[PDB]
Structure formats: structure tokens, C-alpha cells
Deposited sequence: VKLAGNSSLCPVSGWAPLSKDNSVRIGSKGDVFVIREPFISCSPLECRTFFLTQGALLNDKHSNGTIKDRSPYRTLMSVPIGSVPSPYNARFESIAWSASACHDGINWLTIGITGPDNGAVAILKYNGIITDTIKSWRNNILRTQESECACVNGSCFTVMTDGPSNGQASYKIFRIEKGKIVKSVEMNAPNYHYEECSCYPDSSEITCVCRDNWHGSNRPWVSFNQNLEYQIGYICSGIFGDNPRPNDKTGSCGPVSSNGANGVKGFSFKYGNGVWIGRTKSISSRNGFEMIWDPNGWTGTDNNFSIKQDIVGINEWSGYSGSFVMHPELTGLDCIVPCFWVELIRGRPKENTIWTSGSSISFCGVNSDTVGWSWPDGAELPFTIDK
């Protein structure tokens, strides 16, 4: 049965640990892929860790946008190895989601001025879209959001240090049925983390151009969209300045570059995931701002430690567990964090939102390099 996606996020007060792969630690001896940009997507039966591999192993002489990059998946928490990983697509930029019937995999490959997104439904090539600006077509590097048998994704074409072009897609059974170009002057959208919420999609993305706060785009199934930035003074990007009075135009201070991230909107409140360090990808924390989606103050209520500030963090993205998998009355919000080591590989940890009792700690990669 197709996932309805019409329930809301039930509110959470903390984040409980879900999975830890320990990829690099086992890969010191075992045959483990060198992976980057991992993400997690859940079927109605199981959750899977998707990853991009260079076709190389840890402690091997073969270890950015190469032809050898492929998208592969393993069950969540298992090591990415050649002996247990399922092939998905050829991709140096990817997204994957399950609409309740079959997996949808989007894989981008080709040259930087001629990249094509390859859409695969149940492992079958169903649609393609070529680059329309001819400057590195790229996508979420996290799970797409599916509502009522239709899955949605955001792709960016253009420069990564100036104004680019951003498109929203509606995908049904692997076929693109509607596309809308976002009219967003002076905005920058990269590597969006999208989730379904009450038959609508909310995406929180990365401003690589001039934004230390995170831009967002929210749209319905007809791709009627609204855009903006998260107005919290708790800035979500990395690099970023210190917490001051925020703004939701793009905040230019330390706004150049960034990191893939996520946020969960709860009315006017927001759950913010960000690095602990303001200049590097070190540490991670979950911050609840009761008015952060629209208010410009730097006041928050709940802070949960995820990764300690002396340990390497990296990309982070959102994923959801639908009621068809949980049996609950809501959509449970969850997130993964990539712990980059270095070759250059990463391990992943995942957390899920609960209203029950939690604790902050540090779950780092912990491999002696």
C-alpha cells in the first residue's frame, strides 16, 4: 500500500539512538567500502542505509564526481561491505525513497556540464532529466519525501558560490509528472533535507553562497511553494558566527560555504541540528527553539548533545518513519549524522524522535587513524 503521508509529526522532546555502524573500526581489518554522503530511508518493512562509494575499500590503494561512484544500500546499522551491499545506481549525487510499494532511486552521473539524473523505480530505469544549466546538476544526498504514492525531491543546477537554479519534482512510480522552477532570487539551496508533514513537504537546505542560516522551501502536491530562511538566532550552518540576533533573509556573516543539514518545523518552533563548532565539522547537537522558525532571538529551551566537540561530525539529514511502518498515529522524525574520517570515508549514526526519556552523550566514530 502507498504511504499516505497525511499525518503530522508528533511532537518530540528528545532523540534516542537508533543505529551505529562503526564502519571505519571494522574496516581496519575487514573488507569495508570507503563511503561518503550516507543517508537512511525506510521502507514499510525496514530502514536501509544508502551510501555513495568510490568503488574502493578501506586500507586499499584505490582509496569527487568520478564515473566509478555508485549508490549502494545495506540494512541500517550494518557495515557497508562488498559482500552485503545491494547495488542501487551509478551516481555521484543521489536520493532514494520508498513510496510504500517500491524503492525509488535517483542517481546523477555524467560530466559536470552534461550531468543527467537517472530515476530508477524497482531497479528499472523509468525517467531521466538532463542538466538544464550545465553546471553540476545535484540533488538532496538524503531521502526524498513521499506523500500518497508520489515522491518529491529538490535539485540544484548552477554555481555553488552564487545564484543558481532550483527545481521541485513530483515523481510517481519513477516517472516525473510535474516540475516547477523555484523563483528564489538571492537564495541558495543545496542538499535539501525533505520530510512529509500533513500531506505537505518541508525541505531545509544549505546556503553555500551567503547564508549562515538555513533556507527552507515548503510545497504541497501541486508544487505550490513558499520559501524563506529559518529566522532563529541559533544559526544552523557550518561555518557560522556566534549565536546573536538572527535574521531570515540570508545571514552573510560566515555565510560562504556550508554543510548539509536539516531542521524539523513544529508550528512556529523548530528542532535544529547543527555542529557544535562554529568553524569546523566537529560535534553535533539537537536544539529546540520554541519560536525559532519565525522569531529572530537566540533563545532556546532544550539542547541535547549528540557528538562531542572534540570528535569529527559532518553531513546530517532528516528521515522519517511513516505510520505504515510504526503503527503509530503520526510521522516520527529521525535524523542521521555522518562522522567523516580521514582515503576519506565516514561512519553514520542515527537518532529518532521520542516523547520519552533521553540522554545526551557522544557516539563518535572512534577509529584510531
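- Taken in order along the deposited sequence, the stretches absent from the coordinates are 64-68, 348-354, 382-387.
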